[PDB]
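Protein chains in written order, with the UniProt record's numbering: chain Y, 337 to 436; chain H, 26 to 224; chain U, 26 to 436; chain S, 113 to 436.
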Amino acid sequence: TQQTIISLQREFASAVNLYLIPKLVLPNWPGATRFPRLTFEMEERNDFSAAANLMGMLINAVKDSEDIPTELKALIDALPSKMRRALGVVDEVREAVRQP
Amino acid sequence: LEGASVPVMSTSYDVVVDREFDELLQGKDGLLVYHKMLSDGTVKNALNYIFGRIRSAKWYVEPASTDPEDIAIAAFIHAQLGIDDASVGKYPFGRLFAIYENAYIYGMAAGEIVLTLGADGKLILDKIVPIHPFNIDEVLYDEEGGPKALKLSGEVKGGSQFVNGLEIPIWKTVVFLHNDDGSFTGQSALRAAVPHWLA
Amino acid sequence: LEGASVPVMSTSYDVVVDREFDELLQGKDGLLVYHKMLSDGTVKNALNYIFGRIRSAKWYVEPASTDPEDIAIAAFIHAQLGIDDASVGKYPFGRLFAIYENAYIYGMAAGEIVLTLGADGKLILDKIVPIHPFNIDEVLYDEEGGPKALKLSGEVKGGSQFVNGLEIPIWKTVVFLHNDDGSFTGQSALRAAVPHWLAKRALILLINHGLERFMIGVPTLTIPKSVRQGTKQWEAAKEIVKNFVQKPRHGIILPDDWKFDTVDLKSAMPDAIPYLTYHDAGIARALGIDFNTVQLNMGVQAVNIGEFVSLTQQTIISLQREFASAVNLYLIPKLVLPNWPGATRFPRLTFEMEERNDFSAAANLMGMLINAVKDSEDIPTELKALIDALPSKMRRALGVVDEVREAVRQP
Amino acid sequence: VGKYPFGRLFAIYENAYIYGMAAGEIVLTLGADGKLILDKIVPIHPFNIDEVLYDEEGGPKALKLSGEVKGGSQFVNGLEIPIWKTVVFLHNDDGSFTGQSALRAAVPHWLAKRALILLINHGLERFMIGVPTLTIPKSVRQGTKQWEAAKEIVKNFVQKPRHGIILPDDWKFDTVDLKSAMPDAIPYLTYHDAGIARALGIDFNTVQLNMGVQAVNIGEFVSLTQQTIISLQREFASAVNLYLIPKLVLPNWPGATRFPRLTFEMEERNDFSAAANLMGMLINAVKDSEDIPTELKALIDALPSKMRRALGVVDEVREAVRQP
């Protein structure tokens, strides 16, 4: 059922991205050639306690520094993408495409 | 090369005509069976679970590049769709889910794209109305086998009009298909569960 | 040497002709059986799972070398295919999946390659239209046994044209085959699941004929010879039998000569459920999938540890390898060579070898890594030096990707 | 660019696994660099092979072929091909050049399986609807209206078992009493299916045949199907290394005496967490040093070969033989 529910979302996203999006972008931007795409987040039910232990190791690394939050966020966005997704922190791209 | 000299051919044979071989499920009579299978506990349970799990997929607009023009048009069409649940546009994104679930049950469903002019000079997506496949008689086709237009004949609610033969081009519409063979013929997903249901 | 003096010979014998021995599955009549088997719950379930698992393989274009020309043409054909889901080219890559699933069901499927001229002087891949094997009559052949051209005769949708005998060369097309013998003859994958399916249908009809006997019972009624057909007593006996079938509450009222009875079969109904599960197991075993994914595990033991791989995992790897081999042999040289005649090592299409490992092991490893970085002043750059100093398998397991794929996708 | 010859070897090997003996051609065109490039390899199906010739010392000499070109073009007959242009694969060869097929032991179980399926198909038609019998007096003969009426009664008992039976007081409709229940033939089917899968040399967990029998507790040093799949790879690699490689190296290097060999990697599914803990100990050792990566790689290639393979880092030999 997980592969079924992924395969249906991919068909829905493909149909939207092929038919709805070019009928919206091109009447408002004729010079467009690479349309923005619709994609879901690849969910993965992982343990919160592993993320909790990882975050504890992170604040153990930050603990000797004076300024906690900015050096902490430097350590956060210095992480690889999968672990950064697993902590639940999102990038600036999605918050810059939603809130403005 | 010049172009596609090969037309989009039918999936038809002497018995199998347009992905179907049973005469009971041949034309719009198969749509009656597909609608009557919604009265099953198992079928409606599986459809409610699958469609509810589709509706909570955490969708996000991904832009083309990191250029501010791509981010601008991505946020534009994000405001047009409203991935965040509500907006002023009367929620068009769940109408896409309704059209998709009709296309999952029946094989082919469609909807209109209403583009009024926004106040900022941009073509706002105003509304999307569904088109139920009971009201669709045929779909027109180009000479190269691809589709051309949609032929509609239904009934306006309240018994107002009996619309007949209304032909609608594709470039004003969106068409959803389940397990398309690349030839624009949508077989329904309830096909294999028919004989077990009858038995 | 001069060349191949040995032609590509047929797989034919006196009974076996072109990988087939059954006359029912001999020509295009076998395509009818292969299409009718799509109405099965088990077959459509296994095909939906296998094809959906193919469509989420995390494909990536691998270039030839680290030279910028190879990376340039790799990103070129990546833009031509659109491994990232959508593009302006109307998604040709899922049409390849449609052609491949038709070739998996029927044994041989094909599609066209439309090459319009792009604005940058490059031959853009415009569209790919499928060719369903119902419309394919024959395939032509060279004198050395290899194929030459494709003979087509089908029907344009809308009833517009009845195209007949349209011959198409191969160098404009792509041809997919399942389990090819190297001789260009694609046997279908649904071949072994045919007899179990036929016996399954016959057994369902036997159960439908048997329950009507064992659940209501066939009535019999003995009358004297004075009553003949078309009489009032004959109609009364018809009414008694019809009321025993339809309305079994009006009861039976007989004269003292008539003996109403049910025909004593004198045996209980045999349990046909194990035979149904046996033929369903035959179908799902012929498809090459375990009984846990398709819901057929019924009272049999679960897998203890398994082998180095699973059954369905090896099946889904072996199909992806055939698909990637067919793409890399037929589509890619028809795209690179018209835009670079001086190319000799084509960029390849390969999926990522997935491996479900524990995130907590990667979390503990990353904790050890930041313990190593902790004494240093500048965290991120020395951290990334420690990251790309790792071996390739652990670096893949952390989920960080190299610069090659992000340099072949985003530019 | 060579149109993938290596999977053609797999096709020839699977034909030789099914049939016992398969072969293929070696086309050697001249490359632009003066080297004999391997151009293509075409398979030879064993339906098209009539005989194989032999030397006077018992060894093989040439291959006699007679088949049909596809498209109905030519009927090739008696085409004799020497061995030094070809490659020949054999399954479980006795050293005497005679390849017995691998499907040999699974033949009688398959034949008994088919006969048992036909016995079940003849038995269910008796035990599920019941054969009807009907006794009439001698006054009724064939072709009469009463004879057609009795035919109609029997046909309605078979086909439409709801019209009922209406008889005169002399006729005795009955089902023939077999007086025994149907025996369970499912264990015999599973027995012959177990015979087939046992003759193929594979465990009952990979092929879905584990039905009520116990799972493997610990197993041996290897498994059944693991040893089977190793032993087939060794035969394939031996056949390639004996026949294909000397026909490629010696026409391009006559002075060669030790050919490069084809060998697979000995896979071993081990825990990643043990490798993760080992790598954590390694970076704990590197942590006090200033320059992390070069001293780290010195510690990496200072390791023994098995642990270095287990970390997934490869040597410079394979990356120097593949990428250049």
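Cβ coordinates follow ideal geometry from the N, Cα and C atoms, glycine included.
For residue j and residue i, believed in contact at Cβ under 8 Å, the rounded distance
{"i": "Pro172(U)", "j": "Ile195(U)", "result": "6 Å"}
{"i": "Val266(S)", "j": "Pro249(S)", "result": "That belief does not hold up - the Cβ atoms of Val266(S) and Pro249(S) are roughly 17 Å apart, past 8 Å."}
{"i": "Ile341(U)", "j": "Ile75(U)", "result": "6 Å"}
{"i": "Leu336(U)", "j": "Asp315(U)", "result": "5 Å"}
{"i": "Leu394(U)", "j": "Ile395(S)", "result": "7 Å"}
{"i": "residue 439(S)", "j": "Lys147(S)", "result": "The requested residue 439(S) does not occur in the structure, where chain S is confined to residues 113 to 436."}
{"i": "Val325(U)", "j": "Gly324(S)", "result": "6 Å"}
{"i": "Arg370(Y)", "j": "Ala89(H)", "result": "4 Å"}
{"i": "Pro295(U)", "j": "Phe118(S)", "result": "53 Å between Cβ atoms; not a contact."}
Contact with chain H by residue i, beta-carbon distance below 8 Å
{"i": "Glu407(Y)", "result": "no"}
{"i": "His157(U)", "result": "yes"}
{"i": "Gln326(U)", "result": "no"}
{"i": "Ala432(Y)", "result": "yes"}
{"i": "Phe376(Y)", "result": "yes"}
{"i": "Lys263(U)", "result": "no"}
{"i": "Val154(U)", "result": "yes"}
{"i": "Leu57(U)", "result": "yes"}
Minimum Cβ-Cβ distance from residue i to chain U less than 8 Å
{"i": "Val33(H)", "result": "yes"}
{"i": "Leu165(H)", "result": "yes"}
{"i": "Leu423(Y)", "result": "no"}
{"i": "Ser213(H)", "result": "no"}
{"i": "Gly170(H)", "result": "yes"}
{"i": "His221(H)", "result": "yes"}
{"i": "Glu379(S)", "result": "yes"}
{"i": "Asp427(Y)", "result": "no"}
{"i": "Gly52(H)", "result": "no"}
Helix, strand or coil at residue i [DSSP, three-state]
{"i": "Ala224(H)", "result": "coil"}
{"i": "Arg80(H)", "result": "coil"}
{"i": "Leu374(S)", "result": "coil"}
{"i": "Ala134(H)", "result": "strand"}
{"i": "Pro358(U)", "result": "helix"}
{"i": "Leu423(U)", "result": "coil"}
{"i": "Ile241(U)", "result": "coil"}
{"i": "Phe348(Y)", "result": "helix"}
{"i": "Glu163(U)", "result": "strand"}
{"i": "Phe101(H)", "result": "helix"}
CB contact check: residue i to chain Y, cutoff 8 Å
{"i": "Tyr74(U)", "result": "yes"}
{"i": "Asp65(H)", "result": "no"}
{"i": "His60(H)", "result": "no"}
{"i": "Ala100(H)", "result": "yes"}
{"i": "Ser335(U)", "result": "no"}
{"i": "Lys173(H)", "result": "no"}
Chain A residues whose Cβ lies nearer than 7 Å to that of residue i
{"i": "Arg78(U)", "result": "Structure shown: chain A not included; protein chains present are Y, H, U and S."}
Cutoff 8 Å: residue i Cβ touching any chain S Cβ
{"i": "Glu237(U)", "result": "yes"}
Count the C-beta pairs between the segment 132-139 of chain S and the segment 413-427 of chain U that are closer than 8 Å, then say yes if the count reaches three, no if not. Judged by Cβ distances under 8 Å, the segment 132-139 of chain S makes no contact with the segment 413-427 of chain U, as fewer than three pairs qualify.
Examine the Cβ distances between the segment 57-70 of chain U and the segment 36-47 of chain H and report whether three or more of them are shorter than 8 Å. These segments touch.
With a cut-off of 8 Å, do at least 3 Cβ pairs link the segment 65-73 of chain U to the segment 343-353 of chain U? no
Of all the residues that make up the segment 338-371 of chain Y, which are near chain U by a beta-carbon distance shorter than 7 Å? Against chain U - using a Cβ distance shorter than 7 Å - the residues of the segment 338-371 of chain Y are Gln339, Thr340, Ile342, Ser343, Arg346, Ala349, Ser350, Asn353, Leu354, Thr369, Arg370, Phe371.
Touch test, the segment 227-246 of chain S against the segment 174-186 of chain S, Cβ-Cβ under 8 Å, three pairs minimum: Judged by pairs of C-beta atoms under 8 Å, the segment 227-246 of chain S does not touch the segment 174-186 of chain S, as fewer than three such pairs exist.
Under 8 Å: do the segment 266-276 of chain U and the segment 296-310 of chain S share three or more Cβ pairs, one atom per stretch? no
Can at least three beta-carbon pairs, one atom from the segment 28-35 of chain U and one from the segment 149-166 of chain S, be found at a separation below 8 Å? yes
Using a Cβ distance threshold of 8 Å, determine whether the segment 276-284 of chain S contacts the segment 303-312 of chain S, with at least three qualifying pairs required. no
Which residues, in chain order, does the segment 121-141 of chain U contribute to contact with chain S at a C-beta distance below 7 Å? none
Please determine if the segment 113-127 of chain S and the segment 204-223 of chain H are in contact, where contact requires at least 3 C-beta pairs separated by less than 8 Å. At 8 Å Cβ cutoff, the stretches do not touch.
Take every Cβ of the segment 83-90 of chain U, pair it with every Cβ of the segment 103-116 of chain U, and state whether three or more of those distances are shorter than 8 Å. yes
In the segment 175-206 of chain U, which residues sit with their C-beta less than 8 Å from some C-beta in chain H, listed in chain order? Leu177, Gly179, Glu180, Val181, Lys182, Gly183, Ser185, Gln186, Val188, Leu191, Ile193, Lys197
Is it a yes or a no for the segment 354-368 of chain Y touching the segment 88-102 of chain U, going by three-plus beta-carbon pairs under 8 Å? no
Short of 8 Å Cβ to Cβ, which residues in the segment 395-419 of chain U face chain Y? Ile395, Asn396, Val398, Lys399, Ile404, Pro405, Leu408, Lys409, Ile412
Contact the segment 384-397 of chain S vs the segment 158-168 of chain S: 3+ CB pairs below 8 Å: The segment 384-397 of chain S, when compared against the segment 158-168 of chain S, does not touch it at the 8 Å Cβ threshold.
Name the residues in the segment 104-120 of chain U whose C-beta lies less than 8 Å from a C-beta of chain Y; which are they? Near chain Y, meaning a CB-to-CB distance below 8 Å, the residues of the segment 104-120 of chain U are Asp109, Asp110, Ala111, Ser112, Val113, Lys115, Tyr116, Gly119.
Name, going along the chain, the residues of the segment 35-47 of chain H whose beta-carbon falls closer than 9 Å to a beta-carbon of chain U. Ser35, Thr36, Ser37, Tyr38, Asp39, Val40, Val41, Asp43, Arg44, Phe46, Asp47
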